[PDB]
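Below you will find one chain, with nothing else, as structure tokens; this is the form deposited in one PDB entry, and questions on how it binds or moves follow later.
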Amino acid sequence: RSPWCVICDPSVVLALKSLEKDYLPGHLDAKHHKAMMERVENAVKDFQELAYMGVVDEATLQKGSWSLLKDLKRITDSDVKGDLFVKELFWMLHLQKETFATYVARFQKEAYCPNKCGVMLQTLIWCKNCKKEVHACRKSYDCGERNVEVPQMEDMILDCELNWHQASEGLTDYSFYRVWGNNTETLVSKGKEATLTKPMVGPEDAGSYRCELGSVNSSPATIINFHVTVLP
């Protein structure tokens, strides 16, 4: 038993208040206003259409809200009254909920935790309480090795960027480490740059490297290991 996530949009709730105070007086018998609104409020307080996790991203919410608002305005602009108005309104809410269910199911299968490795922090809205907070999408400790061979005296570019990085929240810096055979490391760069460029490479630049994309949290968001071969 959960609300229709769409009321987490303020313009929606205000549009419904405006429907009550501005629309109903001129378009429905006064003796029906109270009951009509109780019925609408109930339509919005339960959303039965949906493995639904009760969450949504701002994008999905917005899409839903825009849609509902377009349809609601359609009805109010048409200036429809009485039984007609009632029937159309509730049909519309119904249709809208079904439409929205579609948007949600799509979101779950495409936009929720789209990272394929590592840890993505993504903002979601919890439908039950309209509370907006950041969720940690944990896929894998690793992101796995890159084998890289660089022609001697060309430039070595190590790319730490993944598709999902730009959208993730709470990310800090890309750190690049050289991993020596004596089990020590040296931090060689630490910055907003997602790639490391080492120009005109020699044999001395071969070996192990590691990228850490840092997090506002305690642990890194992405770890990528690179193994560099220098081709003479």
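For clarity, a rigid core is taken as the largest C-alpha set superposing within 1.5 Å between two forms. In this text, residue numbers run from 1 along the sequence as written.
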Unresolved deposited residues lying between neighbours residue 50 and residue 51: 4 to 9
Using the B-factors recorded in the PDB entry, average over the C-alpha atoms of 173-181 and of 36-44, then report which stretch comes out higher. 173-181
Which has the higher mean CA temperature factor in the PDB entry, 123-131 or 140-148? 140-148
Have a look at 155, 88, 98, 161 and flag the one whose Cα has the highest B-factor in the entry. 155
Residue 69 - which third its CA temperature factor falls in, relative to the rest of the chain: lowest
Divide the modelled residues of the chain into thirds by Cα B-factor and specify which third, lowest, middle or highest, holds residue 214. middle
Test of reading the entry: by CA B factor among the chain's modelled residues, which third contains residue 55? lowest
Check where residue 10 lands among this chain's C-alpha B-factors and tell me if it's the lowest, middle or highest third. lowest
The third of the chain into which the C-alpha temperature factor of residue 194 falls is the middle
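Quick note: we don't show the form deposited in another entry, though the next part is all about it.
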Please determine whether the C-alpha atom of residue 28 is displaced by 2 Å or more between this form and the one not shown following superposition on the rigid core. yes
